[PDB]
Every structure is written in structure tokens, then in C-alpha cells.
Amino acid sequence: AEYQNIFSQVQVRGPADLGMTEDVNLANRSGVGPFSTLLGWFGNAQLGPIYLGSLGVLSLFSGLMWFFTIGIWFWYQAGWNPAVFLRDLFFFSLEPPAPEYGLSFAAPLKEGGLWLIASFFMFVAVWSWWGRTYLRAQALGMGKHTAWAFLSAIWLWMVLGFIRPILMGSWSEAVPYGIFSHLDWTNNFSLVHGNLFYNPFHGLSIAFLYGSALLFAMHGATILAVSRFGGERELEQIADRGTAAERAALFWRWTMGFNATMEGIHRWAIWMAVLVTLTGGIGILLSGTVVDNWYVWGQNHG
């Protein structure tokens, strides 16, 4: 057989790569971690270094406190018993306050308060991490595409957890912290809004989610097919088109009658992904605020 370039035949290693410096404050970079030969079959073997400034420590700490708050509730639901904890791990749920408390923070710990505390911690965790994604780009002099793309995921999450409940006048509209409980919430939500299959933004969201699987299968497959011409060296193919980029374009031109460029496929990539949660977030925000029933809406609006 031809070798397929899914795993590597031979790994090489050199001195720990400490990265480009540009404007980065090097006092906030760790040392390199260990090298993993296991990872090395598929990707890079090197772990670390990581940058960890003030915003990083804040984000991580807040994130852990989020995880502390859910897990202390879980253990309490477990009656402090580790057998039960493992047995019922997926059934435990930290639920938001009842409708009766509206948007107040006036609710007992065991019946709302803790949920708010957990959400407080997540909110600080996600947003500071978002800041991290912008600032690590800035320090290296790169574009802000990552921070912008991450903002689209934040959008859906903000809508589900914060914006939609505020507009609906109660925290009770938000999602519980629990594995099974949050799946139940998802199903309920659709039932109670007349079946989200009739929400056109839900449909578009699916178009893009599937679309992302299509595009990345296409793209990844394509780069691997042209890796014998150095195709994965995308930046240098952008700067100086090679037979890799040409064979890639032409595969698609000949198959489906049109094609990409080596930079431009990444614009199709970024937008395909990002629109999942953009459209998704609209679909939910509209639900119950403006449309109570997507079946019914459908009857009246094409």
C-alpha cells in the first residue's frame, strides 16, 4: 500500500521550541512540559510552555470555582457517599431559582443561590478567557480572527444562560448544570416552543453544523491528499502558490466546477463554523421572547 499520512512513520525531535517572542512578556511563559511520543504519532509531541498572566490566573481560578461549586452540590446530592457519587453522577443537577424569584439574587443557596454563584464564576471564566484569546493574538502581532470566532460561541452561551433569561424576566429560564438534566432541558425547550425543527434559524444552524463536518472532511482530506507536495504549509502556499495548491484547486474545479484558494478556503472554514452558533443564538433568543410556537409561526410566515 501507499502510505496515507494519517500517522507518521518516523518521529524526529530537537531542542524544546520556546516560541516566537515578538511583544510577549516572557516572564509569564512557563518552561516546556514533557514530550509525548504518543501524541507524536498524530501531531506535535511537545507539551508547553503555556503563557499565564493575570487574566489567565483569573480565568483558571474562576473556572475551577465554577467546577468546585457544581461538584460540592453533587457530593451533597450524593449524601457524601462516593459509591453513590459515581453511580448517580449523570443524574445530579444544580438547578436555577424557581420562577417565583424572578431575576433577583434573593434565593436560598440550596434552591437557586448556588446556581447563580456557579454562573457568576463561569461568566468571569469565559469572558476573561475571551480576553486572553485577543491579547495572545495582539502580543504576537496577529489578527483577531480567533477572538472574533470565539465570540460567536459565546453568543449562543450568553443567550441560553443570561440574555434570554433576562428578557424573559426570570433565571428559571436558564439551563441547569447537570449531564442528563441539561439534555432534558434541551428536549423540553423544543416541546414547549412547538418543535424547534420549525425554527428556521435552527434549521440553518444544522445546515452549518453538518456543513462544518462536510467542509473539514473536504479540507482535511484535500490537504492530506496534497501533502506529498507540501500542502500543509499553507501560509507559504498563500505567499507563493505551489503545485500543492494547484492540484487541490483543480481537484475541486473538475469535481464540482469551482474551487477555492489556499487562503480563501480558510474564509469558507471560519464562516461555516461561526454561523452555527450565530444563527443558533438568534433562534433561541427569538424563542419565547417573540415566537412562542415555531409550528404556529410557520403557518403564518411561509
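The first residue of the shown sequence is 1; numbering continues from there.
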Third of the chain's Cα B-factor distribution that residue 162 belongs to, per the entry: lowest
Record-listed C-alpha B factor of residue 242: chain third: lowest
Residue 276 by Cα B-factor - lowest, middle or highest third of the modelled chain: lowest
Entry-reported Cα temperature factor of residue 139, expressed as the chain third it lands in: middle
Ranked C-alpha temperature factor of residue 251 among modelled chain residues, by third: lowest
